[PDB]
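Notes for the one structure printed next.
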Amino acid sequence: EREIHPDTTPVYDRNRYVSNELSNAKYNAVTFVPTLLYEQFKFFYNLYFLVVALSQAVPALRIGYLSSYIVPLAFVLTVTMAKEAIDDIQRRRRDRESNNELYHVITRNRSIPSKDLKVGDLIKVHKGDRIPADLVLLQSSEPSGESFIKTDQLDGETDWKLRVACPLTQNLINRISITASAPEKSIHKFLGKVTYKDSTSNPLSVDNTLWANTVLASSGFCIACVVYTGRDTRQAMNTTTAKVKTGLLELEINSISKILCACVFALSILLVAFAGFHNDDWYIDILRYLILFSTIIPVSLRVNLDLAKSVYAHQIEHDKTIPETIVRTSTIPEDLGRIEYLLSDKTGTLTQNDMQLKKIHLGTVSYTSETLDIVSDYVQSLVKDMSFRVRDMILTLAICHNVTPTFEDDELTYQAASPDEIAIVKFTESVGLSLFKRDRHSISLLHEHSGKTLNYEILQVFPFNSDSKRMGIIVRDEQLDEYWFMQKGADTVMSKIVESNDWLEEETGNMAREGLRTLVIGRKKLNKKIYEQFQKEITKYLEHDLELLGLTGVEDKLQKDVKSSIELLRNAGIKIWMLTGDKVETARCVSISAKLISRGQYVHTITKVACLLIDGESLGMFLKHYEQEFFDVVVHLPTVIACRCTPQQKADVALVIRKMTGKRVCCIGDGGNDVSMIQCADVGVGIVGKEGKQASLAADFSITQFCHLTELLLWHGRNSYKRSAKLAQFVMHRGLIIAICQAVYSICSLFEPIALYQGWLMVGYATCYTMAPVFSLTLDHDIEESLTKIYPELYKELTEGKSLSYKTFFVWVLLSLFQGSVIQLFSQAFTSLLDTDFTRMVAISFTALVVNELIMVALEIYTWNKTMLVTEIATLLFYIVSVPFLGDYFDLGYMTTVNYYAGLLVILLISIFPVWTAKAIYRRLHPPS
Ligand code: BEF
Ligand SMILES: [Mg+2]
């Protein structure tokens, strides 16, 4: 229960109810460090380098400089807090640019923003203005009191909802208390009561309410008192709590870093055991060796991953091909590269929700929107036989509807609960005969065109019904005084009752294969006496025999390039689904008209009290009871289509897809009918463009339409995943190659590998001499943006996990074994290892490592830009001018030797020839396309 008094301002303004401000940022100031630290320190490859850094606090485990094990931990902490702090402040900014929308308030007598709006203030909302919160209609501008709200984003419905004002309290201005029930998740149920003086309780229901992201129509203004605001709304109660999202590449890095830790621990144990278990502290040894080997990979991986993710977010949100795209969760820009299941919405996502009557067909000939002059010159002559047939068809289209128009200065606007009739009447006025004032309580319909103003009065009406699919009225002309029964409905209902025609079924099938919601038309000529014979009275008499004029083809307009987008995203192995809270037949028509269901390809259907097309109740009960079996059935169907689903079922479908198969789920949509599934997916994508953008406000990404998901998944995400995989490969290779060089020095000389790279050299390799060409790899792509359309098959080649697999990790480990062994052993052979040639050998080993990395970087570059050819040269020249001028004590040597340069050439050629020839043979046996 919730009782609201609009007059008692302070009792709700100060307290007692939730403020209208919404929150999209997750971390507040007081829990910014514990939540972020506890989220970042569950995974192994963060906790590992944290433990490595904390080890140096103990003086026994001191491997060397304290300015090499504490400063990169501080740097990763600074970068992480900066990234999530920027994300939180940007989320707060994005939320407040939509919290400041101005709304007229009756009691305040001054427009106040949406964030300042409270519960119980009389808001006067105009026609084209988005509803602030959960309003309740108490007064409407129309004398009848009906208002057609536009629930295109509260739920997925594509039809306007008939909302009448409260009949007892519309004529009232006075202050009246509102008592509604406590909030639930029921998006289609409303309960409450309106309280007036002298104990006159009134009933409330869904028919006199407006909800959060709804848009009003069918008026100029209406006096509505807010009842639910903030997180108590029916919109917010259907949104689940957002969870932290870690990419699957993060998990792959976690696993291969776990077994990298196992590998270096085994290498340390081997070195210590081969040493001879001397020095009386074998455990202190193995810990020191483990810290030595595992402090260059696990912390360089973090900086590279984090700043590469920042680079990916910047490069996503600064693309001219995808204008006005927003990255709201920068922790997962590479999950877009491995998406196999996509769960899309229909209204706003696929369809523009603006339907137009495309083709009119009558008498075995068809007229479309193109060549509309013929029907125009036919209708202007209203005041051979096909001319009168067309005239009567346009007359029927302008009479049989249930559109109730309203008047402005100009440019008349139509209002009807079934927008197909609105498309019909817009078509009629485009032909030339325009619908005008209609009573619908008394009997009058005005119409006029290029000629003289017509006039028709109805006699009685039959309302449209869901299970009937029929809409017909009896109308008499004022000028001609003729009784016409004028009646319309669906094809299947009338194919056996309209006439003895022959060409109807073929044309109905032909246009239904185009995804047009066809309506077959009918008209019956009557006189008076039979009418008052009918009026003396079930439905058998009112339907005896009609005359088939023709039928109407009403299309549901799709967004820009949904055909090509769906075809390309199904050519890339992504199993596109379609879950929507909208009706069933229009969902099927949209699916067929979007080529989501191709030619033939029979469609199955389930509705509880190849292809698929399932009702919301059926899917909900199945995923409540028969999870594994039904999901095993549906993974083989090319498309599964859901209808009439609360956001909970779409979120649960995403959860089940990512749980039973363990795969990544993308979910695109707009409005609050798909916020939960966006939050509960592995990737959430939002769409903007209309008066509500809350799904984009709660999403990981944001694009202006559906055509941009093709570039967001097939090109940006795939490149992001490939670049991150190559980055991790190169970082772990450099760490393992220095570890192998140290271990080979340990086996060839019993002192210690810690003594090999001491002081500046190890810090320089860990941070300065190698950080730049990895990010040179970060800015490289194999295929351009223009060719992400012609080759959607490149997206399929990443589904196995060959980029970061155990086999390729062990290939990297074996390659590091080979290359580091070559470097160290050839350095020892060319330097004649002693205690006096130590400087020369460590010099040649470090130079061999550096040039080895700088050549391996140039080997795995697909296309060469000027941000990559320059970075390599900059780092190489930095090393060249940093050997003498900075160190001057370590690794010193003559270095101007012909023998030394030949030795360096040999030790580098032997290291870089296996990888070059392996990629050459892999290119010449598996060419790319
Ligand atoms: F878009 Be789903 F129906 F939540
Ligand atoms: Mg929607």
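Residues in the structure tokens are named by chain (A, B, ... in the order shown) and by number from 1 within that chain; ligands are numbered from 1 in the order shown.
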
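If you count only C-alpha atoms and ignore residues fewer than 5 places along the chain from residue 173 in chain A, what sits within 12 Å of it is residues 106, 107, 122, 138, 139 and 223 of chain A.
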
So that I have them on file, write out the residues from the current selection with C-alpha atoms, as an mmCIF file, in the first residue's frame.
data_model
loop_
_atom_site.group_PDB
_atom_site.id
_atom_site.type_symbol
_atom_site.label_atom_id
_atom_site.label_comp_id
_atom_site.auth_asym_id
_atom_site.auth_seq_id
_atom_site.Cartn_x
_atom_site.Cartn_y
_atom_site.Cartn_z
ATOM 1 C CA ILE A 106 0.880 22.526 -10.936
ATOM 2 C CA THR A 107 1.631 23.220 -7.267
ATOM 3 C CA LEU A 122 0.786 17.195 -10.258
ATOM 4 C CA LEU A 138 -6.572 12.090 -13.153
ATOM 5 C CA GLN A 139 -7.578 14.639 -15.824
ATOM 6 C CA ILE A 223 -2.944 16.293 -15.099
#

query = When the cut-off is 9 Å and you count only C-alpha atoms and all ligand atoms, which residues lie near ligand 2, shown as a VMD selection string?
reply = chain A and resid 151 to 157 345 to 349 580 to 581 669 to 674 695

query = Hey, can you check how far CA of residue 18 in chain A sits from CA of residue 222 in chain A?
reply =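 One can read the CA of residue 18 in chain A to CA of residue 222 in chain A distance as 24.1 Å.
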
ask   = If you count only C-alpha atoms, which residues fall within 9 Å of range 283-289 of chain A, apart from same-chain ones fewer than 6 positions away, as a VMD selection string?
value = chain A and resid 60 to 63 264 to 265 267 to 269 271 to 272 752 to 754

task = Would you mind telling me which residue in A:896, A:487, A:239, A:702 lies nearest to ligand 1 when using only C-alpha atoms and all ligand atoms?
result =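 Of A:896, A:487, A:239, A:702, the one nearest ligand 1 is A:239, counting only C-alpha atoms and all ligand atoms.
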
inquiry  = At a cut-off of 12 Å, using only C-alpha atoms, what residues contact residue 528 in chain A? Leave out same-chain residues fewer than 2 positions from it and give the result as a PyMOL selection string.
reply    = chain A and resi 459+474-476+481-485+525-526+530-535

Selection file, N, CA and C atoms, as an mmCIF file, in the first residue's frame:
data_model
loop_
_atom_site.group_PDB
_atom_site.id
_atom_site.type_symbol
_atom_site.label_atom_id
_atom_site.label_comp_id
_atom_site.auth_asym_id
_atom_site.auth_seq_id
_atom_site.Cartn_x
_atom_site.Cartn_y
_atom_site.Cartn_z
ATOM 1 N N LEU A 459 -23.866 3.317 -37.599
ATOM 2 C CA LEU A 459 -25.119 2.880 -37.002
ATOM 3 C C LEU A 459 -24.893 2.021 -35.769
ATOM 4 N N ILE A 474 -21.398 -0.898 -39.408
ATOM 5 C CA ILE A 474 -22.458 -0.605 -40.367
ATOM 6 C C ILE A 474 -22.581 0.910 -40.473
ATOM 7 N N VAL A 475 -22.522 1.424 -41.698
ATOM 8 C CA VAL A 475 -22.429 2.860 -41.937
ATOM 9 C C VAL A 475 -23.399 3.234 -43.049
ATOM 10 N N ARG A 476 -23.973 4.433 -42.955
ATOM 11 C CA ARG A 476 -24.878 4.950 -43.970
ATOM 12 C C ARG A 476 -24.390 6.310 -44.453
ATOM 13 N N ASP A 481 -27.719 8.059 -48.841
ATOM 14 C CA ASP A 481 -28.666 7.319 -47.998
ATOM 15 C C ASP A 481 -28.670 5.826 -48.328
ATOM 16 N N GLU A 482 -27.479 5.235 -48.357
ATOM 17 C CA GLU A 482 -27.310 3.815 -48.623
ATOM 18 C C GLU A 482 -26.658 3.142 -47.425
ATOM 19 N N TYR A 483 -27.173 1.974 -47.054
ATOM 20 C CA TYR A 483 -26.647 1.212 -45.929
ATOM 21 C C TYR A 483 -25.554 0.271 -46.422
ATOM 22 N N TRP A 484 -24.336 0.455 -45.915
ATOM 23 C CA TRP A 484 -23.205 -0.403 -46.244
ATOM 24 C C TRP A 484 -22.701 -1.059 -44.968
ATOM 25 N N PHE A 485 -22.678 -2.391 -44.944
ATOM 26 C CA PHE A 485 -21.954 -3.104 -43.900
ATOM 27 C C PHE A 485 -20.496 -3.200 -44.308
ATOM 28 N N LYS A 525 -23.850 -4.659 -49.104
ATOM 29 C CA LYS A 525 -24.858 -3.640 -49.368
ATOM 30 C C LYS A 525 -26.168 -4.026 -48.693
ATOM 31 N N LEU A 526 -26.725 -3.103 -47.914
ATOM 32 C CA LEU A 526 -27.935 -3.349 -47.141
ATOM 33 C C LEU A 526 -28.956 -2.248 -47.378
ATOM 34 N N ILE A 530 -33.854 -4.690 -43.102
ATOM 35 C CA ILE A 530 -32.964 -5.714 -42.570
ATOM 36 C C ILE A 530 -32.137 -5.165 -41.415
ATOM 37 N N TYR A 531 -31.827 -3.862 -41.419
ATOM 38 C CA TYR A 531 -31.086 -3.309 -40.290
ATOM 39 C C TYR A 531 -31.932 -3.316 -39.023
ATOM 40 N N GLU A 532 -33.179 -2.822 -39.079
ATOM 41 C CA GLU A 532 -33.906 -2.933 -37.810
ATOM 42 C C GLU A 532 -34.376 -4.355 -37.517
ATOM 43 N N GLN A 533 -34.317 -5.269 -38.489
ATOM 44 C CA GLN A 533 -34.455 -6.683 -38.154
ATOM 45 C C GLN A 533 -33.262 -7.168 -37.339
ATOM 46 N N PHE A 534 -32.054 -6.732 -37.707
ATOM 47 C CA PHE A 534 -30.870 -7.052 -36.913
ATOM 48 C C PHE A 534 -30.926 -6.409 -35.532
ATOM 49 N N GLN A 535 -31.384 -5.159 -35.455
ATOM 50 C CA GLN A 535 -31.381 -4.421 -34.198
ATOM 51 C C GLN A 535 -32.353 -4.988 -33.172
#

inquiry  = With DSSP run on the backbone, what are the strand (DSSP E or B) residues within range 574-636 of chain A? I'd like them as a list in words.
reply    =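 Checking each residue of range 574-636 of chain A, the strand (DSSP E or B) ones are residues 575, 576, 577, 578, 579, 606, 614 and 615 of chain A.
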
request  = For residue 514 in chain A, please output as a ChimeraX atom specification all residues within 7 Å (counting only C-alpha atoms; exclusion window: fewer than 2 positions along the same chain).
outcome  = /A:510-512,516,592-593

ask   = Smallest atom-to-atom distance to residue 710 in chain A: which of A:878, A:795, A:378, A:885, using only C-alpha atoms?
value =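 Closest residue, counting only C-alpha atoms: A:795.
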
request  = Go through A:240, A:330, A:767, A:827 and flag the residue nearest ligand 1, using only C-alpha atoms and all ligand atoms for the distances.
outcome  =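 Smallest distance to ligand 1 is found for A:240.
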
Nearest candidate to ligand 1 (options A:648, A:805, A:495, A:770; using only C-alpha atoms and all ligand atoms) =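 Comparing A:648, A:805, A:495, A:770 against ligand 1, the winner is A:648.
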
Residues near residue 339 in chain A, cut-off 12 Å, only C-alpha atoms, skip fewer than 5 positions along chain, as a ChimeraX atom specification = /A:247-248,333-334,569-570,572-576,657-658,662-667,681-684,709-710,712-714,717-718,721,795-800

query = Pick from A:124, A:83, A:314, A:650: nearest to residue 36 in chain A, with only C-alpha atoms counted?
reply =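 Using only C-alpha atoms, the shortest distance to residue 36 in chain A belongs to A:83.
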
Write out as a compact mmCIF listing (two decimals) with C-alpha atoms, in the first residue's frame each polymer residue whose atoms come within 8 Å of residue 566 in chain A, counting only C-alpha atoms; drop sequence neighbours fewer than 6 positions from it.
# COMPACT_ATOMS: atom_id res chain seq x y z
CA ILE A 576 20.82 -14.78 -33.72
CA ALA A 594 13.80 -9.23 -41.98
CA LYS A 595 14.94 -12.53 -43.59
CA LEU A 596 15.31 -13.96 -40.10

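Among the candidate residues A:736, A:251, A:135, A:677, the one lying nearest to ligand 1 is A:677, with distances computed using only C-alpha atoms and all ligand atoms.
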
task = Going by DSSP on the backbone, which bits of range 82-171 of chain A are helix (DSSP H, G or I)? Write them as JSON, numbers by chain, please.
result = {"A": [82, 83, 84, 85, 86, 87, 88, 89, 90, 91, 92, 93, 94, 95, 96, 97, 98, 99]}

Produce a file of the selected residues containing C-alpha atoms, as a PDB file, in the first residue's frame.
ATOM      1  CA  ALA A  82      41.841   5.897 -12.585  1.00  0.00           C
ATOM      2  CA  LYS A  83      39.957   3.680 -15.049  1.00  0.00           C
ATOM      3  CA  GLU A  84      37.063   2.842 -12.734  1.00  0.00           C
ATOM      4  CA  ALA A  85      36.958   6.402 -11.338  1.00  0.00           C
ATOM      5  CA  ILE A  86      36.657   7.831 -14.856  1.00  0.00           C
ATOM      6  CA  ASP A  87      33.989   5.209 -15.557  1.00  0.00           C
ATOM      7  CA  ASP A  88      32.043   6.122 -12.406  1.00  0.00           C
ATOM      8  CA  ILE A  89      32.159   9.879 -13.004  1.00  0.00           C
ATOM      9  CA  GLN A  90      31.185   9.407 -16.664  1.00  0.00           C
ATOM     10  CA  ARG A  91      28.272   7.185 -15.626  1.00  0.00           C
ATOM     11  CA  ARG A  92      27.142   9.834 -13.131  1.00  0.00           C
ATOM     12  CA  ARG A  93      27.425  12.495 -15.847  1.00  0.00           C
ATOM     13  CA  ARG A  94      25.430  10.393 -18.319  1.00  0.00           C
ATOM     14  CA  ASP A  95      22.749   9.781 -15.696  1.00  0.00           C
ATOM     15  CA  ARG A  96      22.469  13.468 -14.793  1.00  0.00           C
ATOM     16  CA  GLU A  97      22.106  14.651 -18.399  1.00  0.00           C
ATOM     17  CA  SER A  98      18.799  12.732 -18.372  1.00  0.00           C
ATOM     18  CA  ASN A  99      17.885  13.562 -14.755  1.00  0.00           C
TER      19      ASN A  99
END
